[PDB]
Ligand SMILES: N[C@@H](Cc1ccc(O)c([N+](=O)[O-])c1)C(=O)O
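One chain is shown next in structure tokens, namely the form deposited without meta-nitro-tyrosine.
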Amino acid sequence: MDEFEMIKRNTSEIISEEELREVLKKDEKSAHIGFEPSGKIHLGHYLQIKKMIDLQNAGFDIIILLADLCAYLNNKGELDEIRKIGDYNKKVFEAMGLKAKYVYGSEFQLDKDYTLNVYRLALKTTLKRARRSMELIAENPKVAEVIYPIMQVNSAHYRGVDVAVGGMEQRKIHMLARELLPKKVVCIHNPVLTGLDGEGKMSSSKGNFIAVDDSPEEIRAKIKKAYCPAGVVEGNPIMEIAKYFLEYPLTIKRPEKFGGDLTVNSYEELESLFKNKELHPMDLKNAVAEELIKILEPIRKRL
């Protein structure tokens, strides 16, 4: 599995593969991703940071943009409080093994130059196209909703990044960047993790997440409570966790009573067992809780 394939692994989409291969051919390459500072860092974040780690291993300089301005505007606290959360986020990301440079949105997003270009971009972007780009991320829709995608695009341009990484929900905004900017950004899109209740995406504000520093008993309790319908793989958070975070061979342990220990050599194997209902939701949960704990331990320990 070469550098390209290591980057591609577990992504939903790369726009475009041909363009990424060209990026790979150069010494100096950067990749960026934006996060709003968050009191809790969960599996949703972890999945994306693993992807950034794949990229640095391929020779990319990594830049994390912390959206402190977005938080501040949205009544979530003063800049200093938010910088404190942002700085905690840096520690977590480091604990995960990522070696990155960090930039806060407020450091450049109010620069005269940047703003002027937000207004330039807004004369070139239709409202319809702007709103369309926001459907996957967006009551009483505010004008801020159509400013947001333009700022994202403008940031891509201001920082001169080669590759932009984000979840699948960011894809139309990235498409917008590739049609509005002089230089086409290569886009790498990660799957959107389902929350533990199987309802929406995993979110810090929806209380449906596993945080990377949750205690073992908290992880076990949260897994036990998860949505995990037998034979159903679509929208199954426990299966997603198995696909994106666990290492194979995986051992699922069961009493002899019920078929004994089961050893699976790939997620695809694990998938067929579950579809046929040869693997019971309870034994899967058990195995996932325990493996997840061992995976997260060194992160939580460093914290």
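For every residue, the number given is its place in the sequence shown, counted from 1.
FYI, the form deposited with meta-nitro-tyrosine bound isn't displayed, but the following is about it.
If I superpose the C-alphas around the site and drop in meta-nitro-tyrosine as it sits in the deposited bound form, do 3 or more of its atoms land within 2.4 Å of a backbone or C-beta atom here, i.e. is the pocket blocked or open? Open: no clash with the backbone or C-beta atoms.
Can you tell me whether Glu271 touches meta-nitro-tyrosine? I mean in the deposited bound form, with a 4.5 angstroms heavy atom cut-off. Although meta-nitro-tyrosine is absent here, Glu271 would stay clear of it in the deposited bound form, with no heavy atoms inside 4.5 Å.
Does any heavy atom of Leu127 come within 4.5 Å of a heavy atom of meta-nitro-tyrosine in the deposited bound form? No, no contact at 4.5 Å.
Interface membership of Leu65, meta-nitro-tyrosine in the deposited bound form, 4.5 Å heavy atom rule: Heavy-atom contact with meta-nitro-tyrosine at 4.5 Å: present for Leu65.
Heavy atom of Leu121 within 4.5 Å of meta-nitro-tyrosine in the deposited bound form: Although meta-nitro-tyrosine is absent here, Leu121 would stay clear of it in the deposited bound form, with no heavy atoms inside 4.5 Å.
meta-nitro-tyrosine in the deposited bound form: contacting segment from 273-281, 31-39, 250-258, 230-238, heavy atom within 4.5 Å: So the stretch in question is 31-39.
Which one, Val212, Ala226, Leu176, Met151, lies within 4.5 Å of meta-nitro-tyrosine in the deposited bound form by heavy atoms? In short, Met151.
Of the residues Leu262, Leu246, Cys70, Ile53, which one places a heavy atom within 4.5 Å of meta-nitro-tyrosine in the deposited bound form? Of the listed residues, the single hit is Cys70.
Within 4.5 Å of meta-nitro-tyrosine in the deposited bound form, which residues of 155-189 have a heavy atom? Give them in sequence order, or say none. Residues within 4.5 Å: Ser155, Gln170.
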